[PDB]
Amino acid sequence: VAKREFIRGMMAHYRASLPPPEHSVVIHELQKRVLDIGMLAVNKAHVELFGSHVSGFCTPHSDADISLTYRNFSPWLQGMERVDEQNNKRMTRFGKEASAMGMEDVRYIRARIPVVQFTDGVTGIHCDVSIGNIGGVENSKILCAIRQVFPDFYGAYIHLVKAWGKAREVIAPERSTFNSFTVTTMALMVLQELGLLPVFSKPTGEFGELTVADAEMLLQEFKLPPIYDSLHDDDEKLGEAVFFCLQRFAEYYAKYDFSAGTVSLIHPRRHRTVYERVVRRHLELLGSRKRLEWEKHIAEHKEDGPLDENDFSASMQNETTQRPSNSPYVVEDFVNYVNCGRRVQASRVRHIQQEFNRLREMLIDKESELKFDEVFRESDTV
Ligand SMILES: O=c1ccn([C@@H]2O[C@H](COP(=O)(O)OP(=O)(O)OP(=O)(O)O)[C@@H](O)[C@H]2O)c(=O)[nH]1
Ligand SMILES: [Mg+2]
């Protein structure tokens with residue numbers, strides 16, 4: 001009876017978090033507004049959505065992630081001081097034109113990603129605008145593709161993992177733990193090990209990353225178990241399947257050896273030191289491409305030269321720093337081998353790692369004792 005009510009409520013909650021019918025249009029108009037601001041700021045403004053609004057793993061409270069690009073934008077020129085400063089000047093104007101258009105709480109943040117955040121003056125949606133977030137654009141298209149296999153199954157599962165994580169401070173970026181995307185990736189890996197998602201074992205990007213095309217290819221061949229086809233018109237049955245995966249998810253990350261293995265949708269459980277060599281190869285490829293592009297920019301803007309090896313070295317150092325193999329968690333972004341879980345400090349390894357021991361205790365051991373509003377609520381701890 002407790003289990004049956006828990007599953008009922010949990011699906012209820014998922015069903016109440018699905019974007020309303022008109023929401024597609026809202027988000028499209030939002031994009032149009034951002035592009036208007038962008039056009040005032042940069043030449044050949046281009047605005048591209050990513051994040052959960054692209055993947056579809058969103059609530060009506062989820063923010064809007066937008067990648068801004070412009071004429072002669074190049075991802076490889078990041079690190080070069082003159083291009084960096086040029087981008088800062090682009091984001092400065094973006095900020096100023098955003099306030100003028102009537103965006104609220106406009107904030108230009110100078111960071112590991114020069115970013116402009118604002119609250120849309122029309123719909124109240126929070127917006128995170130960054131220059132050339134190519135990795136975000138791509139891995140959001142891969143996630144959307146995954147969700148499409150059976151939206152309510154993956155959606156519900158990912159929703160509840162996210163609701164759980166958010167509500168439980170497992171996903172608390174500005175609070176030193178994981179972000180939505182890291183947690184999504186973890187939850188998706190557990191489905192791979194259950195045979196409920198395919199293993200993206202053969203990436204074919206220029207730098208060895210997984211591409212949208214790699215992902216779509218596999219997801220077209222992947223079939224869920226036959227029993228899954230009775231779950232489309234029965235929320236009690238589907239909820240049972242989702243609940244099963246949540247138990248397996250809670251379980252997995254309560255017992256998973258991160259001291260050896262990594263989380264990866266490309267190579268589940270790949271050893272840290274193998275990831276290390278994978279990163280080294282990736283960055284050797286990224287590094288040389290980068291060098292070629294800096295050298296081309298420099299040939300065309302001689303006063304921006306000569307190629308300053310300190311600058312290059314520090315740029316490469318930032319790429320290396322995005323990808324430690326030797327950190328509390330190694331959760332691999334499949335599009336760039338970024339260790340999107342690198343930010344979780346050794347001291348947090350406790351919180352998370354208990355609250356997983358705790359999710360699985362409620363879902364499995366104390367199954368007969370289940371209450372929706374006790375598993376999924378605020379946890380002021382970190
Ligand atoms: O470490 C990261 C963080 C973020 N990202 C990329 O930026 C996107 C937006 O970052 P968000 O924090 O908004 O996550 P999200 O959109 O998946 O989920 P909610 O907002 O609904 O909670 C992520 O979905 C991913 O595309 C990364 O690639 N790596
Ligand atoms: Mg988002």
Side-chain angles (χ1 to χ4, degrees), residues 12-71 73 87-141 143-144 147-148 151-152 155 158-159 162-163 165-167 171-175 179-181 184 378:
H13 182 331
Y14 162 70
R15 292 283 175 207
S17 300
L18 275 165
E22 70 276 16
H23 191 77
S24 178
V25 167
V26 166
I27 285 298
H28 173 78
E29 291 273 313
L30 174 61
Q31 280 191 246
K32 276 171 59 200
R33 256 189 302 292
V34 182
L35 177 61
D36 285 337
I37 302 155
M39 281 182 20
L40 301 170
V42 306
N43 296 82
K44 271 250 206 37
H46 184 268
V47 157
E48 207 171 2
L49 212 61
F50 62 115
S52 49
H53 285 107
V54 163
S55 60
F57 301 128
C58 57
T59 73
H61 308 299
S62 304
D63 68 355
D65 312 277
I66 301 150
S67 177
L68 175 76
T69 57
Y70 49 89
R71 192 197 53 205
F73 160 78
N87 285 338
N88 167 73
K89 167 159 55 260
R90 295 190 169 93
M91 289 294 90
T92 297
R93 198 169 170 182
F94 188 90
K96 302 295 180 165
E97 302 296 354
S99 306
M101 295 304 212
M103 298 311 94
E104 276 310 341
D105 305 323
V106 174
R107 275 159 189 153
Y108 170 30
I109 331 171
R110 269 262 217 163
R112 270 213 259 198
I113 195 175
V115 68
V116 172
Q117 304 197 304
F118 61 81
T119 304
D120 174 41
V122 174
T123 71
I125 291 167
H126 181 263
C127 303
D128 208 30
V129 185
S130 50
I131 291 184
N133 202 316
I134 311 309
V137 175
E138 299 307 295
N139 72 31
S140 291
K141 280 140 90 206
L143 291 194
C144 159
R147 180 170 195 272
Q148 297 180 328
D152 281 346
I158 296 300
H159 181 61
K162 279 169 57 158
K166 279 171 181 203
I171 302 152
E174 212 201 64
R175 291 191 279 265
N179 62 59
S180 291
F181 165 81
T184 305
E378 252 271 336

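Quick note: residue numbers are just sequence positions, from 1.
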Problem set entry | Contacts of type side chain to side chain contact (heavy atoms under 4.5 Å, CB included), residue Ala163, not counting sequence neighbours | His159, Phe376
List, one per line, each side-chain donor-acceptor pair under 3.5 Å for residues 93-108, sequence neighbours excluded.
| unit_1 | atom_1 | unit_2 | atom_2 | d |
| --- | --- | --- | --- | --- |
| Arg93 | NE | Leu40 | O | 3.0 |
| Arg93 | NE | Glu97 | OE2 | 2.7 |
| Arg93 | NH1 | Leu40 | O | 3.3 |
| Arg93 | NH2 | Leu40 | O | 3.1 |
| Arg93 | NH2 | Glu97 | OE2 | 2.9 |
| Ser99 | OG | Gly95 | O | 3.2 |
| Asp105 | OD2 | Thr119 | OG1 | 3.1 |
| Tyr108 | OH | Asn88 | O | 3.4 |
| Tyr108 | OH | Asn88 | OD1 | 2.3 |

For this session: Return the minimal non-hydrogen interatomic distance between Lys162 and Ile171, and the atom names on each side.
Result: O-CD1, 3.4 Å
Problem set entry | Contact summary for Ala41 and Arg90, nearest pair of heavy atoms | CB-O, 4.0 Å
Exercise. Partners of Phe57 by ring pair (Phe, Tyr, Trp, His ring centres under 6.0 Å), sequence neighbours excluded?
Worked result: none
I'd like a table of donor-acceptor pairs (distance under 3.5 Å, sequence neighbours excluded) in which one partner is a side-chain atom from residues 121-133, with atom names and distances.
| unit_1 | atom_1 | unit_2 | atom_2 | d |
| --- | --- | --- | --- | --- |
| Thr123 | OG1 | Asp120 | OD2 | 2.8 |
| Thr123 | OG1 | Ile125 | N | 3.2 |
| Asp128 | OD1 | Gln117 | NE2 | 2.6 |
| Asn133 | OD1 | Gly136 | N | 2.9 |

Problem set entry | Partners passing side chain to side chain contact (heavy atoms under 4.5 Å, CB included) against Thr69 (at least two apart in sequence or in another chain) | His46, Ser67, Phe73
Seminar exercise, completed: Taken in chain and number order and not counting sequence neighbours, the residues that satisfy side-chain hydrogen bond (donor to acceptor under 3.5 Å, both in side chains) with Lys141 are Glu138
For this session: Could you walk me through whether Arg33 and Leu30 pass side-chain contact (heavy atoms from CB on, under 4.5 Å), step by step?
Result: CA-CA 5 Å; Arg33 256 189 302 292; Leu30 174 61; 3.9 Å; yes
For this session: Dump the intermediate steps for side-chain hydrogen bond (donor to acceptor under 3.5 Å, both in side chains) on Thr59 and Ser62, then the final yes or no.
Result: CA-CA 5 Å; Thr59 73; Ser62 304; 3.2 Å; yes
Problem set entry | Residues which pass side chain to side chain contact (heavy atoms under 4.5 Å, CB included) with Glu22, listed by chain and number, not counting sequence neighbours | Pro20, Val26
Problem set entry | Which residues share a side-chain hydrogen bond (donor to acceptor under 3.5 Å, both in side chains) with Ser24, sequence neighbours left out | none
Exercise. Does some side-chain heavy atom of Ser17 sit less than 4.5 Å from a side-chain heavy atom of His61?
Worked result: no
For this session: Enumerate the residue pairs fulfilling side-chain hydrogen bond (donor to acceptor under 3.5 Å, both in side chains) with a member in residues 35-45, sequence neighbours excluded, ordered by first and then second residue.
Result: none
Problem set entry | Qualifying residues under side chain to side chain contact (heavy atoms under 4.5 Å, CB included), relative to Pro19, sequence neighbours excluded | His23, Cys58
Problem set entry | Point-to-point distance, once rounded to the nearest 0.5 Å, from CG of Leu143 to OG of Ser52 | 10.0 Å
Exercise. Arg112: what forms a salt bridge (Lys or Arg N to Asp or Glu O under 4.0 Å) with it, not counting sequence neighbours?
Worked result: none
